[PDB]
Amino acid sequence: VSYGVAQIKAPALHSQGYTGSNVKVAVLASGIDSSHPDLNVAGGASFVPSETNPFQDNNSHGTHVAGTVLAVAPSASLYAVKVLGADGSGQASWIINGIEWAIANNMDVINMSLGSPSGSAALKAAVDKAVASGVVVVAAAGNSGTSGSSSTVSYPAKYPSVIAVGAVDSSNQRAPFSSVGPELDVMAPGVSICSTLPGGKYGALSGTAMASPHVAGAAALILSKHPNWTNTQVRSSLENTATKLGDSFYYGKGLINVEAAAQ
């Protein structure tokens, strides 16, 4: 497991008996590799035309991301929603197809560890629709560092309906790459995060892509303890109970604290 699990205070939930059982988390990424003897991928679908197997991860990031959701929430059910190919990229339309899948298939949480400096009206429609459907929608805030006074939050994390997750180290210091702006909602561990890789491996990856699933995992923990809270209530608990770290421009509401968010 990773350092980040204790950092966000997930073990307090595990102790109470809440580990995310019966909570469905869709990982919208490069696939999740069947290479692992434990990720309990309960399903999935691919929307990359030339890469039809959601259980083949030829990039590595989707597998790492899934592993992190699971290190926070051990009994959650993961779904492999392949919307990025081997090179780590996807068209807006493939991602929308992934989000619509998650909606149709009654996913509780969407994780999107992906970004673009530019938005798409259709993609804003999809995330907004998912949120109106009761889905907790989480995204990596971007890895574009600082650009004057300007927001460097990527899309879809930049949309109001989406929880935008920046990256801190094990010291609770913002990573130098972590995107900034008014759109930044919370922080989670995103530097040298140890997680599952293809070919049955494990290793460190860094990025807001690593921070995002700590929050997706936290949302699953909260929902397993409180199945009657809405997505709005889950999101608000995460934001309102976060540990303040400094300026909202750099850290949003600060570091998520799952123990405090869940009562």
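Don't overthink the numbering: it's just position in the shown sequence, from 1.
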Once average C-alpha B-factors are taken from the entry for 39-47 and 64-72, the winner is 39-47
Should the higher mean CA B-factor in the entry be assigned to 89-97 or to 189-197? 189-197
Using the entry's values, work out which of 212, 237, 224, 53 has the largest Cα B factor. 53
Between 113, 143, 161, 77, which one tops the list for C-alpha B-factor in the PDB entry? 77
For residue 104, the third of its chain into which the C-alpha B factor falls: highest
So, residue 26's CA B-factor, relative to its chain, sits in which third? The middle
Split the chain's modelled residues into thirds by Cα B-factor; is residue 246 in the lowest, middle or highest one? highest
Using the B-factor values recorded in the entry, state whether the Cα atom of residue 135 falls in the lowest, middle or highest third among the modelled residues of its chain. middle
Would you mind ranking residue 154 by its C-alpha B-factor against the rest of the chain and naming the third, lowest, middle or highest? lowest
